[PDB]
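Colleague: This one is an experimental structure. Sequence first:
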Amino acid sequence: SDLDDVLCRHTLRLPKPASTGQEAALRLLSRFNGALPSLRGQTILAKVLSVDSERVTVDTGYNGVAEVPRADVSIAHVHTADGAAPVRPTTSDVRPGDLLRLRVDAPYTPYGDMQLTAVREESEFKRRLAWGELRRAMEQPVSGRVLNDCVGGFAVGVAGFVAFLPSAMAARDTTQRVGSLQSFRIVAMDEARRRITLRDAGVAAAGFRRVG
Amino acid sequence: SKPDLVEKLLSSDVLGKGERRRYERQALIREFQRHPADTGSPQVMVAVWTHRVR
Amino acid sequence: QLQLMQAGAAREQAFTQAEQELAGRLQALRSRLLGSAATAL
Amino acid sequence: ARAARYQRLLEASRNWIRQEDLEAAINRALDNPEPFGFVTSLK
Amino acid sequence: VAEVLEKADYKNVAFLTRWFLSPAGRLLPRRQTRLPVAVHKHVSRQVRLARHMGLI
Amino acid sequence: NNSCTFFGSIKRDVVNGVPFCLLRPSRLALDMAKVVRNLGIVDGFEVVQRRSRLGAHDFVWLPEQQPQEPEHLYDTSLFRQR
Amino acid sequence: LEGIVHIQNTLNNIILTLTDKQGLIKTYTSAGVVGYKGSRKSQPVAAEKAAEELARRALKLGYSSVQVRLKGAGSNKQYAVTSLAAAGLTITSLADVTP
Amino acid sequence: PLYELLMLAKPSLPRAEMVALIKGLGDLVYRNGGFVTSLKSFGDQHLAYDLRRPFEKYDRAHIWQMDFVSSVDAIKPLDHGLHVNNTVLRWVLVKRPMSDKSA
RNA sequence: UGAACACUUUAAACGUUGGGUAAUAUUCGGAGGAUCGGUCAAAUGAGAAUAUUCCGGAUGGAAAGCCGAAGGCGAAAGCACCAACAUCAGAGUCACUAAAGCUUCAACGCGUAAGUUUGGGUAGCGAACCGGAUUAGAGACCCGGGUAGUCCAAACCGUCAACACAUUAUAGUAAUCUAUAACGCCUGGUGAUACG
């Protein structure tokens, strides 16, 4: 696994517009790690250095020091290495020395730094959640508020996103209880057109074939 | 009957005469060569050019 | 996938073997992400 | 590959219709109209 | 989005009214498709044939 | 023509600050490059090839397995666009 | 009665037209119709006077209602439609017909 | 080279002669050593715009497609075949590759 | 290097033939009875016979309106309705060829647009000729009708801030970084027009 990876690096090191000698240890030590092969939007383990009232000083290791507003920071992003959110008496006592879970939005600004903000965009949490759950249909319900009716179904504001449940996967009593919160199940989304498809969790998932 | 339809498809009768003259152009390359499949000797060059100008 | 490539097999069979041989950390991660999902909501 | 083109043109030469039964093919195609509201696929 | 078969040469109304035709009898330009520009130009040619066709 | 091309490319990259000088090789370019490496005007030369347009298998320049210094044109015109 | 209206506005002149449902046209009203010429015709008041006139004419016509079909990109045309709504002669329909 | 023809047809005639019109075009491509692959209509569609500035025929027009393999010599008779008949208005003839990737 | 073949990929490359069009002014009957045109602003006229318009019909050819863009193809000028014929071209892969390569003195072709000879008739466009305007005269700018020409097919002309003002080609990483190969041109300004 080591030798085959090294020879894969050397074999792809061939066919380049220079002779490129004395630069293969560069790729060897790149391949163990030092940078991850796709960056934009990928969450990291980052180190908090100091916390002020507003701006928190967090390591990047990639362009120096990161800056996040503290009013977005919770204890939920404090990635302990054991699997639990840490037992702390308050909810934003991020002591410097912990490992923090933040997303790089860009690696470089106009202003010398990166963005690197886990914004605690709850809508983006539901975006990553429901996109992963679209994948995870192959491998628990989601709450929504029904708002108004029209042709073919009911309008559901699910977790900050407005969807529209079709008539076939709809329950009957959702007609007579419009306005209250109840749980629903995701089916799919169409990202090119912004249409989100749901169902009632009491309505059984009879197989909609993947029209692609 | 259907194989007769296939051989009337695969004939050179149906093609556009760009493609018909290109097929007889590799017929000429099979003629003029010194060799089995020589396509760049100058005899091949002048054979192609003389037929082309005709 | 790449070390199965230079072993001699083609790309898609390597992708399938990589799906079998590293899926366990994927369900561990999706359990962790559902835990973070219940944490945030 | 020329043999494969020969093979898939010989085996798909039924729907490729014959000259003698033009009239019956017209009468066996006019009987059913064809969908146009959404996009037609291949064939 | 860029599934070539049924979109590359096909002049029928569905794909173009979905993603290629502006509502007022007009077309959707290059900036409103986010598609490879030569392939976009050829299917724009196909659509613009289809604005000469009896359909549209 | 190859002498003036050699010394012109020397004049080129000296006044342009490029410390590598890369020529279409010949008998002259190889031999007189060995001359100016021998007198120490430069520190060395190697044949290189624009390896991006090498084929699925052309012959390729292995620096280690080849002996260190070519001394004729035919060994340096075997390959493609050195 | 039922009428159809075509409104055309040009920088020199603004026109509101009173016409039959069949679209046969009884009349067309313009800033020029109110006699404004050039810049006054350009001015909003000239369109408004034709609009007041069109409403008075529609009542004389006895068409309580005339559909209004708008035409042209002009500002003066906009004043005229408003003046009529303020006027209260009631459009059989209000719509934009520009081609 | 197989040739699609998404050509128009008169809207509501009794079908006793439009079928005969396609028999005539089938006879025309029947000659010259080639034949139709499939004759797929679309029934009828009302059109998008009026045509025939003389006589004002109108929309609601009929649709037919030929899909015939032909040597290039037969096109000029096909041009006469689509030009002389006043029951048809427009005709679009397109080349298609030898993968038989038709419409 | 230069060139021909087999695939991959290219579109406003080129000429011919058939069909179309938002849109155009003229016209045949009908709605409707004084405005339209137009401009910083004013002025001949359409019109008491019916104007802008509006209905629906005919005419006939211009131009390809959006697409479509610090986009493409071209040797350059240039090239922007399709469909088909049609002849290329250019790039990449994979193979042939072993200097047939570079430049162009001379010669010779291409050559936007005007202009002339020939044939007609013509949506729109826009020199004359008459009419009015900022001003003292106004010949122009601008309002107003509008003829050759712009349209077609054949010929002649060949000149120009026809510019990358960046010669062409090779060799280096899109040059004005610059060695060379053949070139073409300049030699202070005003004076290039007249002859041949």
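Modeller: All right, it came through fine. Numbers count the residues shown, from 1 in each chain, chains lettered A, B, ... in the order given.
Colleague: How about the contacts made by the closest residue to chain B within chain A?
Modeller: Across chain A, the shortest distance to chain B (CB to the nearest CB) belongs to residue A:15, at 27.0 Å. Yep, even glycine has a C-beta here, placed from its N, CA and C like the rest. By CB atoms under 8 Å, 6 or more residues apart in numbering or on different chains, the contact list for residue A:15 reads F:51-52, F:54.
Colleague: In PyMOL, how would I select just the buried ones from those?
Modeller: Of these, the buried ones can be selected in PyMOL as follows, counting by 16 or more other CB atoms under 10 Å in any protein chain shown:
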select buried, chain F and resi 51+54
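Colleague: Closest one to chain E out of the contacts of residue A:15, please.
Modeller: residue F:52 (23.7 Å).
Colleague: For that closest one, which non-adjacent residue is spatially closest?
Modeller: Distances taken as CB to CB, 6 or more residues apart in numbering or on different chains put residue A:17 closest to residue F:52, at 5.0 Å, once the chain neighbours are dropped.
Colleague: what does residue H:31 give?
Modeller: Spatial nearest neighbour of residue H:31, excluding adjacent residues (CB to CB, 6+ apart): residue H:74 at 7.0 Å.
Colleague: Confirm that that neighbour lies within a helix, as I assumed.
Modeller: Yes - according to DSSP: H, G, I helix; E, B strand; the rest coil, residue H:74 belongs to a helix.
Colleague: tell me which element the residue of chain C found nearest chain H falls in.
Modeller: Of all residues in chain C, residue C:12 sits closest to chain H, at 24.5 Å by CB to the nearest CB. When elements are assigned from DSSP states H and E, residue C:12 belongs to helix C:11-21.
Colleague: could you say what helices and strands that helix packs with?
Modeller: Packed against helix C:11-21, as judged by 3 or more CB pairs under 8 Å, 6 or more residues apart in numbering or on different chains; DSSP states H and E, are the following elements: helix C:2-7.
Colleague: Whatever residue of chain B ends up closest to chain C: how many residues sit nearby?
Modeller: Relative to chain C, the nearest point of chain B is residue B:37 (32.0 Å; CB to the nearest CB). Using other CB atoms under 10 Å in any protein chain shown, residue B:37 has 8 other residues around it.
Colleague: Relative to residue A:117, how far out is it?
Modeller: 65 Å (CB to CB, to the nearest Å).
Colleague: now do residue G:11
Modeller: From residue G:11 to residue A:117 the distance is 52 Å (CB to CB).
Colleague: Which one of the two is surrounded by more residues?
Modeller: Neighbour count, other CB under 10 Å: between residue G:11 and residue A:117, residue A:117 has more, with 18 against 13.
Colleague: so the more buried one sits in a helix?
Modeller: No - membership of residue A:117 in a helix is not supported by three-state DSSP, which gives coil.
Colleague: Tell me how many other residues crowd the closest residue to chain B within chain C.
Modeller: Nearest residue of chain C to chain B: residue C:10, at 32.0 Å (CB to the nearest CB). By other CB under 10 Å, 9 other residues sit near residue C:10.
Colleague: Nearest residue to the middle of chain F?
Modeller: Nearest to the centroid of the C-alpha atoms of chain F, with distances taken as CA atoms, centre = their mean, sits residue F:47, at 4.2 Å.
Colleague: Just to check, that one is in contact with residue F:72?
Modeller: No - with contacts counted by CB atoms under 8 Å, residue F:47 stays clear of residue F:72, the gap being 11.5 Å.
Colleague: Leaving out chain neighbours, which residue sits closest to the most centrally placed residue in chain D?
Modeller: Among the residues of chain D, the one closest to the centroid is residue D:15, at 3.6 Å (CA atoms, centre = their mean). Closest residue in space to residue D:15, ignoring its immediate chain neighbours: residue H:38 at 6.6 Å, by CB to CB, 6+ apart.
Colleague: any idea how far the one you found lies from residue B:3?
Modeller: Relative to residue B:3, residue H:38 is positioned 20 Å away (CB to CB).
Colleague: between those two, which one's more packed in?
Modeller: Neighbours were counted for residue H:38 and for residue B:3 using other CB under 10 Å; residue H:38 has more, 15 against 11.
Colleague: Check which helix or strand the residue in chain F that chain C sits nearest to maps to.
Modeller: Minimum separation of chain F from chain C (CB to the nearest CB) falls at residue F:56, amounting to 16.7 Å. Counting by DSSP H and E, there is no helix or strand that carries residue F:56.
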